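In what follows, a single structure is set out as structure tokens and then discussed.
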Amino acid sequence: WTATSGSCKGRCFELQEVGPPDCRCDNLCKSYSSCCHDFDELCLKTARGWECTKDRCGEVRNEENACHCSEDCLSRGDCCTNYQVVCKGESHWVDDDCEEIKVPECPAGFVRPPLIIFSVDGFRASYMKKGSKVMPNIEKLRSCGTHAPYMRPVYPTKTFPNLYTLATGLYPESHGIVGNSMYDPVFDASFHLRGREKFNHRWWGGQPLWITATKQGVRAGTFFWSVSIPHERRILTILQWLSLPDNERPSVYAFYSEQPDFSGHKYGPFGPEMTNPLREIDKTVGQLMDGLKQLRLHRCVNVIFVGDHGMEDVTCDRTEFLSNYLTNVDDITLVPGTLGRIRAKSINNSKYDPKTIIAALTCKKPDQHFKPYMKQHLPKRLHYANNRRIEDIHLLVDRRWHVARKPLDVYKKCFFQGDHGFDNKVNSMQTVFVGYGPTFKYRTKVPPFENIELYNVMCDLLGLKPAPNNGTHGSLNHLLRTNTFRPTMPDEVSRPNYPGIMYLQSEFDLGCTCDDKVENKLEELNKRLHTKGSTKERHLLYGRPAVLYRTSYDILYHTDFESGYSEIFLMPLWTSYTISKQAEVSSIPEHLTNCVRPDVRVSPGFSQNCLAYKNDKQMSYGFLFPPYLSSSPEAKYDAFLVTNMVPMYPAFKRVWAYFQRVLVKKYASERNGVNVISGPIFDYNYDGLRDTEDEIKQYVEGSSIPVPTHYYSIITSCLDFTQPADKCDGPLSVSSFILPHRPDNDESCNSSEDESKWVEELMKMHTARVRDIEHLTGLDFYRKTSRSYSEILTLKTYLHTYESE
Ligand SMILES: *[C@@H]1O[C@H](CO)[C@@H](O[C@@H]2O[C@H](CO)[C@@H](O[C@@H]3O[C@H](CO[C@H]4O[C@H](CO)[C@@H](O)[C@H](O[C@H]5O[C@H](CO)[C@@H](O)[C@H](O)[C@@H]5O[C@H]5O[C@H](CO)[C@@H](O)[C@H](O)[C@@H]5O)[C@@H]4O)[C@@H](O)[C@H](O[C@H]4O[C@H](CO)[C@@H](O)[C@H](O)[C@@H]4O[C@H]4O[C@H](CO)[C@@H](O)[C@H](O)[C@@H]4O)[C@@H]3O)[C@H](O)[C@H]2NC(C)=O)[C@H](O)[C@H]1NC(C)=O
Ligand SMILES: Cc1cc(OCc2cc(C(=O)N3CC[C@]4(CCOC4)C3)[nH]n2)c(C(C)(C)C)cc1C#N
Ligand SMILES: [Ca+2]
Ligand SMILES: [Ca+2]
Ligand SMILES: [Cl-]
Ligand SMILES: [Cl-]
Ligand SMILES: [K+]
Ligand code: NA
Ligand SMILES: [Zn+2]
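Spelled out as structure tokens, the structure:
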């Protein structure tokens with residue numbers, strides 16, 4: 024109950040709330056059905072529209088008007104945004120030349136440049152080029168400020184997950200807004216776009232920017248605007264708040280437009296009907312900038328123009344129906360559309376089997392436009408699993424398609444020509460970023476980056492300490508003229524041991540054999558130097599990775615590779631090697647096919663054993679440094695050390711062997727050498743973070759050898775590919791992957807074919823950032839380069855997406 028007969032007299036768009044049953048006048052009252060009786064009359068004035076005309080200039084104030092053209096309006100802070108232009112011979116901001124904003128130029132009493140976040144729904148990245156002729160204000164912000172060619176959203180590429188990621192710096196799995204529809208089984212409660220449960224604060228985790236600011240003494244304008252409040256009124260409200268006295272005035276503001284998304288759903292991303300919504304957004308930007316210029320704030324405020332996601336062509340006829348795959352289709356609940364999430368209709372029904380649902384959805388039709396996954400098997404780059412609100416069964420839907428349960432759901436519910448929500452690597456889902464202001468750089472293009480990074484930057488713009496988040500603070504310092512965050516490398520927690528030769532061959536009873544008794550003083554001193562690290591400059595190009603947790607490990611040097619070997623996990627944490635453009639691929643000779651050799655530097659008790667692998671009928675083994683790339687027949691023996699062995703399912707060995715035999719060499723040829731760091735990952739609880747040993751759910755049968763959930767590789771070369779990877783003077787180029795360690799290749803529908811037809815496609819799907827690997831391993835890479843640490847942070851956040859232009 025709200026007794027709505029109090030008044031909004033003087034309280035219109037009040038910043039601080041008042042608690043029911045007092046009536047409210049803030050821009051959320053509409054949504055609660057709790058506005059005071061006179062809210063529309065007082066707060067939503069519309070009389071005479073939004074623009075001054077010549078006949079209104081110097082009028083007598085009439086408090087009924089939507090905005091004012093009277094002499095006193097500037098000091099009241101409520102002029103129409105074009106007042107100075109119509110009535111005082113001023114230019115619109117868009118007609119003025121770009122002039123570098125070297126320092127903030129602010130009215131007295133401003134303690135810091137305000138931040139205005141101008142968010143646009145569905146604003147696909149290519150609109151910046153394709154709509155350029157009709158968006159002059161946006162194009163000025165873009166060319167004069169700092170911009171990226173695009174900004175990557177989070178998955179799913181829906182509105183609330185992305186807006187709340189913008190506000191928190193968190194992945195959806197962590198902030199808890201995991202889709203536009205949700206069931207939380209702890210609360211036994213559902214979240215929907217329509218209605219009122221979506222306003223309960225227990226849905227929304229982490230710490231959004233307005234809370235961060237408020238806790239640290241910085242005042243915030245509202246971020247949420249009710250749909251009924253017209254755009255012109257949102258802009259006027261921001262401009263009025265900017266005229267408040269110093270102790271009352273917010274420092275951070277947001278605007279939101281439901282366009283161009285609204286129209287894109289109806290007409291597709293490039294429907295002829297889309298020109299008009301783009302024009303109208305630009306006009307709104309023009310209103311804001313003219314308004315700021317009138318208030319002498321246009322060289323004081325930092326403006327961010329940012330989208331939540333793009334928009335793809337999607338029609339009703341491109342719908343896959345689960346009724347064409349499953350016969351039990353009424354025993355499930357599907358969250359449908361551009362992604363799929365499946366759970367049991369009833370938790371009382373113990374007949375429901377996820378394995379058989381997954382199998383009935385796997386590679387069943389020749390051009391099947393969705394792929395089923397257990398959530399823990401989704402590409403780690405999506406970071407879409409560690410939340411009880413994410414159902415175990417997930418369907419990744421091809422761009423341009425939908426999934427639905429039954430045909431009845433599509434025509435008893441064609442309407443739409445656009446949608447979004449797909450994999451965040453998809454070109455059509457990419458969105459925009461421009462930063463314009465004293466704190467941003469002038470006329471500067473920056474590379475594409477992920478929206479999870481912006482929270483830290485907005486905190487930097489406001490002098491705030493960010494709450495813990497998934498950004499990598501410092502990776503976006505290159506956007507900024509000043510306020511840069513000066514990060515430092517994390518301290519190494521565990522130092523390595525450097526073991527020498529300590530064990531005789533006969534102390535090992537590993538059940539391994541090798542055909543290797545083949546007896549020189551030139552080449553005796555030679556091999557000793559290699560085992561003491563003589564080639590380490592060649593194979594370890596960026597320093598050893600730092601171990602950021604407490605553990606016991608050994609550095610092991612070899613002619614062709616260096617490794618950090620874990621005494622706890624009985625395998626390397628990391629293995630590092632460099633393959634030049636000129637390197638030759640060789641075969642594993644017949645006599646060495648099953649060769650495994652004890653490592654006389656590492657005790658029997660801290661070694662793997664061959665008998666376990668023999669006994670484990672499901673599990674085989676591979677090698678981290680590939681025997682195929684040995685520098686010489688004699689060096690090849692090092693590759694068969696028991697300390698280079700890792701557990702691998704035979705199905706996975708098909709993937710790994712093709713990577714190592716064909717792909718590494720291809721990359722070295724294409725990139726002019728590569729440095730490779732490879733290793734295991736253990737993420738049995740799918741939290742994106744390195745497992746402790748007591749979290750491991752699977753071991754090689756009858757042993758303490760833990761089974762990885764994934765294998766990674768980080769492949770680094772010179773960005774200037776005229777220089778070889780091992781003699782690079784300037785910036786680096788990286789691609790990485792985190793491959794799931796699976797006992798079948800069910801994910802790859804073409805896997806019965808030769809590896810040249812499906813392996814590289816799988817590796818692309820599981821593309822990763824170095825930072826993703828860092829989280830999953832507790833390692834810190836690139837510790838010793840000639841590059842600035844901020845540049846290295848940017849490198850560590852890079853994702854190679856394998857989409858065309
Ligand atoms: C991306 O960035 C984020 C942010 O930095 C990273 O997430 C953090 O990761 C930490 C490790 O996983 C995690 O720390 C744990 O927090 C527990 C207390 O947490 C509460 O308070 C914080 C702070 O205010 C709050 O933010 C949390 O909010 C979560 O939960 C509510 C729902 O209840 C949601 O509204 C919200 O969205 C958020 O959910 C997300 O995180 C939780 C985990 O907290 C997930 O379950 C959800 O799925 C969702 O993703 C909390 O309200 C604290 O109790 C933990 O301590 C245990 O573990 C330590 C090990 O050091 C042990 O020593 C302790 O004693 C304790 O163990 C005991 O409890 C165990 C669990 O019951 C029990 O099994 C044991 O036997 C012991 O008795 C722990 O410190 C931190 O909370 C989150 N923060 C957020 C915001 O998610 C994320 O990792 C980054 N991602 C990547 C890929 O890098
Ligand atoms: C900049 C910013 C804005 C923002 O919200 C702006 C907003 C969204 C809506 C709204 O009405 N929506 C959204 C979904 C929809 C549209 C079509 O139909 C469903 C209704 N209104 N205002 C938020 C949140 C976290 C408050 C959402 C965070 C940030 C940040 N950082
Ligand atoms: Ca949206
Ligand atoms: Ca984990
Ligand atoms: Cl959803
Ligand atoms: Cl708000
Ligand atoms: K085996
Ligand atoms: Na297959
Ligand atoms: Zn939409």
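Those letters in the sequence shown? Residues 24 to 436, 441 to 546, 549 to 564, 590 to 859, per mature numbering (1 follows the signal peptide of the UniProt record, and there is no 0), in order.
From the three backbone atoms N, C-alpha and C, an ideal C-beta is built for every residue, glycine too.
Apart from the five residues on each side of it in sequence, which residues of its chain come closer than 8 Å, Cβ to Cβ, to residue i?
i, result
"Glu-616", "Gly-562, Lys-590, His-593, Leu-594, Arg-598, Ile-609, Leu-610, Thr-629, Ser-630, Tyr-631"
"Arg-823", "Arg-404, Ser-790, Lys-850, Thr-851, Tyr-852, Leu-853"
"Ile-479", "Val-177, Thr-188, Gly-192, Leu-193, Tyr-194, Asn-496, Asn-497, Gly-498"
"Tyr-619", "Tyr-607, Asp-608, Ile-609, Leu-610, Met-625, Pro-626, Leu-627, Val-656, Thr-697"
"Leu-537", "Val-650, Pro-652, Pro-658, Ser-661, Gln-662, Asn-663, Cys-664, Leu-665, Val-696"
"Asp-63", "none"
Considering only DSSP beta bridges, list what residue i is partnered with.
i, result
"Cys-58", "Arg-47"
"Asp-353", "The partner list for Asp-353 (beta bridge, DSSP) is empty, contrary to what the question assumes."
"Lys-472", "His-170"
"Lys-394", "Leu-419"
"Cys-102", "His-91"
"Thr-342", "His-425"
"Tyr-279", "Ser-142"
"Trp-628", "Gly-618"
"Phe-677", "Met-699"
"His-764", "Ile-735, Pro-794"
"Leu-362", "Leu-419"
With a threshold of 7 Å on Cβ separation, who are the neighbours of residue i within its own chain once the five nearest residues in sequence on each side are excluded?
i, result
"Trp-248", "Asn-50, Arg-257, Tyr-279"
"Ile-200", "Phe-183, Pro-184, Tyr-187, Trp-226, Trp-227"
"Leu-97", "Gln-317"
"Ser-640", "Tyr-682, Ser-684"
"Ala-243", "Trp-233, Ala-236, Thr-237, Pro-273, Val-275"
"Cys-90", "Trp-73, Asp-101, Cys-102, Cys-103, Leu-259"
On a CA-only basis, which of the options is nearest residue i? Give me that one, please.
i, options, result
"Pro-474", "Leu-489, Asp-446, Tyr-721, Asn-504", "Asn-504"
"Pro-523", "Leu-491, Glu-621, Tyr-836, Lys-492", "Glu-621"
"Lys-635", "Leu-627, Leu-683, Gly-618", "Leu-683"
"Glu-552", "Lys-707, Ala-689, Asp-313", "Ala-689"
"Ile-633", "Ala-600, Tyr-603, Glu-724, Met-673", "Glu-724"
"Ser-373", "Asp-354, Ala-383, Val-358, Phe-285", "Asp-354"
"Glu-638", "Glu-343, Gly-462, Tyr-721", "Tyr-721"
"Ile-735", "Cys-80, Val-761, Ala-148, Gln-714", "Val-761"
"residue 439", "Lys-781, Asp-774, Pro-794, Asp-798", "Because residue 439 lies between 436 and 441, and the chain jumps straight from the first to the second, it has no atoms in this structure."
"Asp-269", "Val-134, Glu-335, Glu-303, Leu-401", "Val-134"
"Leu-847", "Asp-800, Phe-512, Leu-488, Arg-470", "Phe-512"
"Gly-218", "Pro-208, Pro-231, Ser-204", "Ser-204"
"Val-143", "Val-41, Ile-304, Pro-395, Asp-78", "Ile-304"
For residue i, which residues in the same chain have their Cβ closer than 6 Å to its Cβ, ignoring the five residues on either side in sequence?
i, result
"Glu-477", "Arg-175"
"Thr-560", "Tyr-611"
"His-198", "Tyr-187, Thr-191, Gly-228, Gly-229"
"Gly-287", "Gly-145, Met-334, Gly-445"
"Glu-857", "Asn-454"
For residue i and residue j, which I take to be in contact (beta-carbon distance under 8 Å), what is that distance rounded to the nearest angstrom?
i, j, result
"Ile-327", "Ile-642", "About 55 Å separates the two Cβ atoms, so there is no contact after all."
"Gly-202", "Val-337", "With a Cβ gap of about 17 Å, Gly-202 and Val-337 do not count as contacting."
"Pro-701", "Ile-759", "6 Å"
"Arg-796", "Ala-705", "7 Å"
"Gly-464", "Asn-325", "3 Å"
"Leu-602", "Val-241", "The Cβ separation is near 32 Å, so there is no contact."
"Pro-136", "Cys-339", "No, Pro-136 and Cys-339 are not in contact; Cβ-Cβ is about 48 Å, not under 8 Å."
"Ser-732", "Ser-767", "4 Å"
"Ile-792", "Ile-827", "6 Å"
For residue i, decide whether its Cβ has a neighbour in chain B, counting only Cβ atoms nearer than 9 Å.
i, result
"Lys-561", "This model lacks chain B altogether; it includes just one protein chain."
Those residues, in chain order, that have a beta-carbon closer than 5 Å to some heavy atom of ligand 4 | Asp-737, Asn-739, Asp-741, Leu-743, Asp-745
Taking a cut-off of 5 Å, which residues have a beta-carbon closer than that to any heavy atom of ligand 3, in chain order?
-> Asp-144, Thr-182, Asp-284, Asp-331
Considering only heavy atoms of ligand 8, list every residue whose Cβ is less than 5 Å from one of them, following chain order.
-> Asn-799, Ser-802, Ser-805
Please list, in chain order, all residues with a C-beta atom less than 6 Å from at least one heavy atom of ligand 6.
-> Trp-233, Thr-245, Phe-246, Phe-247
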